[PDB]
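Start at 1 with the first residue, then count along the sequence. Worth knowing before you read on, the calculation uses all heavy atoms, side chains too, and leaves out hydrogens, waters and symmetry mates.
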Amino acid sequence: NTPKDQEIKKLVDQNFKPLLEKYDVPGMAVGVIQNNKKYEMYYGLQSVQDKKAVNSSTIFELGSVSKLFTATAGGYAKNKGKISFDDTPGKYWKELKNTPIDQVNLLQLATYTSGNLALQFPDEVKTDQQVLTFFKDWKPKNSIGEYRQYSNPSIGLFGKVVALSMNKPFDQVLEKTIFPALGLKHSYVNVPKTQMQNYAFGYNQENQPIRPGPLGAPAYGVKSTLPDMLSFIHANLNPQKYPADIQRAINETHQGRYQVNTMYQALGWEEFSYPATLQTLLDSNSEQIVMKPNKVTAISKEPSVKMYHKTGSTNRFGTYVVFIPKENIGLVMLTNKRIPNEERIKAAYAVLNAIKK
Ligand SMILES: *C(=O)[C@@H]([C@@H]1NC(C(=O)O)=C(S[C@@H]2CN[C@H](C(=O)Nc3cccc(C(=O)O)c3)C2)[C@@H]1C)[C@@H](C)O
């Protein structure tokens, strides 16, 4: 293998491989893209009971990293004139017209600032009918637009509206329009039966395989392979190489919309001035930032040099993605067991700080 192949292999063995034994993770896939060259590393088992090893065809649940595709879909619809970010959801979901949630605009939904949407729906909201009822019954609390609270319902409503604006269901927005535009071959909202042998099992804290809520797809419902996620990073590092409609979509997800301490909220992606200190990257996943409302501040001028990342999990999968435009580099980690977000962020910080230019 090439000297770079061996260097990156050593850095990933040094920084990511020990995490498998440390947290009893059955399988992991780690990818690096640098200067348009992709490097794939696979460890362990996609399914413990089948002794099937993780490989380039293994499909992982991306969990909350799915929001990056919802963001891209929204950027796509906005730049085709199908929505404006100043629109409100009742323009598209007519049953929300003349309700209080129709006072929140689409950008505020996409970036979690409605002022009264928590991490998850209430436990009793279990069906699509009940989701619509929930949004009709919704009342504001904190001043609309002023407080960020990370929220699956919030970006789920944004995704539902994006789909309505494109006259197709959300799963078709991704599987027929967005994934093909990005060149992805094995990314899914619904994994077909022909791929089930490649669909990894996820493992809980007792290392047992389990296998969603309503309106979940835009918030946490995408599945993908390591080669597809490296392709997605390639698109984010080189949007100018893609046709205009998806190029504009991608660029839209890189624009910071407001600031919370050292973090800038873009669409889906979290944005930081580059270089970001390790503490800044860790702070973005603190309990205060992730679970509580935080007052936003308007951006004076966007940082001159930027980097981006996103964590995400399900109860049984973990994901991390990060990229640095100036260095033409990015990294993806997929696991079929959760590990602490700080471990994912620290390991990727070590690798990207050590790789030779
Ligand atoms: C991300 O979008 C995804 C969450 N991310 C993470 C993570 O650690 O990266 C977790 S971890 C853990 C698993 N389930 C918990 C959860 O969802 N908490 C929660 C908070 C408030 C209400 C409820 C509820 O009523 O169900 C649950 C956190 C998690 C997978 C989720 C938000 O989709």
Side-chain angles (χ1 to χ4, degrees), residues 25-31 38 40 42-73 76 126-128 131 152 155-156 159-160 162-163 166 168-204 207-235 268 310-321 332-338:
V25 179
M28 179 188 286
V30 178
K38 298 167 179 171
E40 304 171 14
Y42 301 107
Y43 301 109
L45 296 180
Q46 150 192 327
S47 157
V48 173
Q49 67 195 83
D50 296 299
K51 288 276 180 182
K52 173 81 168 149
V54 176
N55 60 88
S56 56
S57 291
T58 298
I59 297 158
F60 297 81
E61 296 177 16
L62 307 180
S64 320
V65 164
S66 303
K67 294 185 181 73
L68 303 183
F69 291 102
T70 305
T72 306
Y76 181 95
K126 298 185 183 293
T127 72
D128 289 337
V131 166
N152 288 341
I155 196 168
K160 170 73 174 176
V162 168
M166 295 170 68
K168 55 183 69 76
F170 181 82
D171 68 297
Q172 293 300 290
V173 169
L174 292 191
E175 295 183 354
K176 289 289 150 56
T177 309
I178 298 303
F179 295 159
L182 296 164
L184 309 187
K185 298 307 192 169
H186 297 283
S187 301
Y188 305 97
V189 173
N190 301 112
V191 179
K193 206 65 216 184
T194 50
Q195 286 295 316
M196 279 301 169
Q197 67 283 17
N198 297 322
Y199 189 180
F201 299 160
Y203 292 86
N204 59 14
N207 272 71
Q208 301 301 327
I210 328 177
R211 186 175 286 173
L215 199 35
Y220 55 79
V222 172
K223 302 88 186 184
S224 190
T225 66
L226 187 72
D228 275 1
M229 290 304 287
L230 290 167
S231 294
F232 181 59
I233 301 318
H234 173 269
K310 182 73 174 94
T311 61
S313 307
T314 69
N315 291 323
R316 42 215 202 76
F317 282 89
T319 308
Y320 182 66
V321 293
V332 184
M333 185 219 68
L334 312 173
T335 60
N336 59 359
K337 189 183 177 181
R338 284 202 340 288

Which pair of heavy atoms, one from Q195 and one from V191, lies closest together, and at what distance? CB-CG1, 3.8 Å
Side chains of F201 and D50, heavy atoms from C-beta outward: is any pair under 4.5 Å? yes
Side chain to side chain contact (heavy atoms under 4.5 Å, CB included), that's the test. Do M28 and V54 meet it? Break it down for me. CA-CA 7 Å; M28 179 188 286; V54 176; over 6 Å; no
Atom pair NE2/CE of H186 and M229 - distance to nearest 0.5 Å: 15.0 Å
Distance from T335 atom OG1 to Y43 atom OH, nearest 0.5 Å? 13.5 Å
Do the side chains of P227 and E40 get nearer than 4.5 Å, heavy atoms only? yes
Looking only at heavy atoms, which two atoms of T314 and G63 are closest? And how far apart? CG2-CA, 3.6 Å
With distance as the sole test, does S224 use its side chain to make a donor-acceptor pair with the main-chain N or O of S187 at under 3.5 Å? no
Let me see the working for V162 and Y76 under side chain to side chain contact (heavy atoms under 4.5 Å, CB included), right down to the final yes or no. CA-CA 9 Å; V162 168; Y76 181 95; over 6 Å; no
Could you check whether any side-chain heavy atom of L62 comes within less than 4.5 Å of a side-chain heavy atom of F69, counting everything from C-beta outward? yes
Sequence-distant partners of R316, salt bridge (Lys or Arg N to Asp or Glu O under 4.0 Å), two or more places apart: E61
Do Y203 and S47 pass the side chain to side chain contact (heavy atoms under 4.5 Å, CB included) test, and can you show the C-alpha distance, the side-chain angles, and the key distance before you say yes or no? CA-CA 9 Å; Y203 292 86; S47 157; 4.3 Å; yes
Roughly how far, to the nearest 0.5 Å, is CD1 of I210 from CG of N204? 4.0 Å
Find out whether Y320 and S313 are in side-chain contact, i.e. whether some heavy atom of one side chain is under 4.5 Å from a heavy atom of the other. no
Between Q46 and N336 (side chain of the first, backbone of the second, donor and acceptor by atom type, cut-off under 3.5 Å), is there such a pair? no
Is the shortest heavy-atom distance from the side chain of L230 to the side chain of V332 under 4.5 Å? yes
Pairwise distance CD1(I178) to CG(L184) - rounded to 0.5 angstrom: 10.0 Å
Does a side-chain heavy-atom distance below 4.5 Å link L226 with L334? yes
Which pair of non-hydrogen atoms, one from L45 and one from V48, has the smallest distance, and what is that distance? CD1-CA, 4.0 Å
Backbone N or O of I59 within a donor-acceptor pair of the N198 side chain at under 3.5 Å? no
Would you say that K185 contacts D228 through its side chain, given a criterion of any heavy-atom pair below 4.5 Å between the two side chains? yes
Please examine the side chains of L182 and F232, heavy atoms only from C-beta on, and report whether any two atoms are closer than 4.5 Å. yes
Minimum-distance pair of heavy atoms, taken over all atoms of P26 and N207: CG-ND2, 4.2 Å
Test item: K223 side-chain N/O and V189 main-chain N/O as donor-acceptor pair under 3.5 Å: yes
Atom CZ of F170 and atom NZ of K160: how far apart are they, to the nearest 0.5 Å? 11.0 Å
Under the side chain to side chain contact (heavy atoms under 4.5 Å, CB included) test, residues paired with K168 that sit two or more places apart: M166, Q172, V173, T177
List the atom of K38, the atom of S231, and the distance in Å for their closest heavy-atom pair. NZ-OG, 3.2 Å
Checking side-chain polar atoms at under 3.5 Å, does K67 have a donor or acceptor matched by the opposite partner on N152? yes
Donor-acceptor pairs under 3.5 angstrom involving side-chain atoms of residues 212-221: please list them, not counting sequence neighbours.
from	atom 1	to	atom 2	distance (Å)
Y220	OH	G213	N	3.0

What one should report as the nearest heavy-atom pair of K310 and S64 is CE-O, 3.8 Å
